[PDB]
């Protein structure tokens, strides 16, 4: 794990993001990427500013330099894939910032927890190859075999956690080095728990757990906190449909392409290709986005908002508005 150079730090620090408010729910990462010929540095700068602007690293003894090293170490481990790249995790970081601070979810968590969530966003898809857990298992790839053998089906999530722990073990990039005892432990545990909860195989049960805790005035507090963290990283991870329509559409395109490439590699390898992943089948984003909205994102956001996260109402409003817009694309086709 090579250390970060002063030269690499400078390339981030020079980016100024004129005309961008990284704290805004309408912030546009795609327009930020286009704004320079160095989209990676700009994305790094966005994460840096989000973290410093929270006031949180300072409070837990994370210097400016260690924070930036950490960001750049994370960045080196994302690949050039259409969706699960560095821009996605910067997007999730930014989105989480909005849920905490514009949606007032910060009130439900300690400052450490807020800090951990922003950091965890940047590690939560480390080294993704554009292939989902299912691909590794169906193809009996080495990682799939290892996951089956060890009893943990969350092939990618365990891999992400491993690389996170790797980055944090170097003090130069240990954003948690200012912590000790129970706090350091809670930081690592909560980071790891959150990443493991982003496996969509566990979606229904994570949601049901959170909701049951939020309705229970005698829920154990520590447990409620943990679940709140998990639900917020999950929320960022499926937040593409809570964004302004053109931003939501660009995300859907990126993910769709990545799914299609997975289906291409499955074909070639003679394994089962699901309809969603199959180029030869679809010809329509609209129906896909509406289906994802109806079956996954709208019930999720409505339920967490109603249970507990009142300040995030806008998410439910934008889903509804985006869905109506996709219905217009159908109605006029």
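Take the two forms, find the largest set of C-alpha atoms that superpose within 1.5 Å, and that set is the rigid core. Numbering follows the first chain given and starts at 1.
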After fitting on the rigid core, which stretch moves more in 9 other deposited structures of this protein, 267 to 275 or 281 to 289, going by C-alpha RMS?
-> 281 to 289
With respect to the recorded C-alpha B factors, which stretch has the higher mean value, 190 to 198 or 239 to 247?
-> 239 to 247
Mean Cα B-factor check, 297 to 305 vs 280 to 288, entry values; winner is 280 to 288
For the listed 104, 80, 228, 154, which has the peak Cα B-factor recorded in the PDB entry?
-> 80
Listed options 93, 109, 175, 129: highest C-alpha B factor recorded at 129
On the chain's distribution of Cα B-factors, residue 263 falls within the third called highest
CA B-factor ranking of residue 57, expressed as a third of its chain = lowest
Taking the chain's C-alpha temperature factors as the reference, tell me which third residue 204 falls into: lowest, middle or highest.
-> lowest
Lowest, middle or highest third - CA B-factor, residue 145 = middle
Residue 19's Cα B-factor: lowest, middle or highest third of the chain?
-> highest
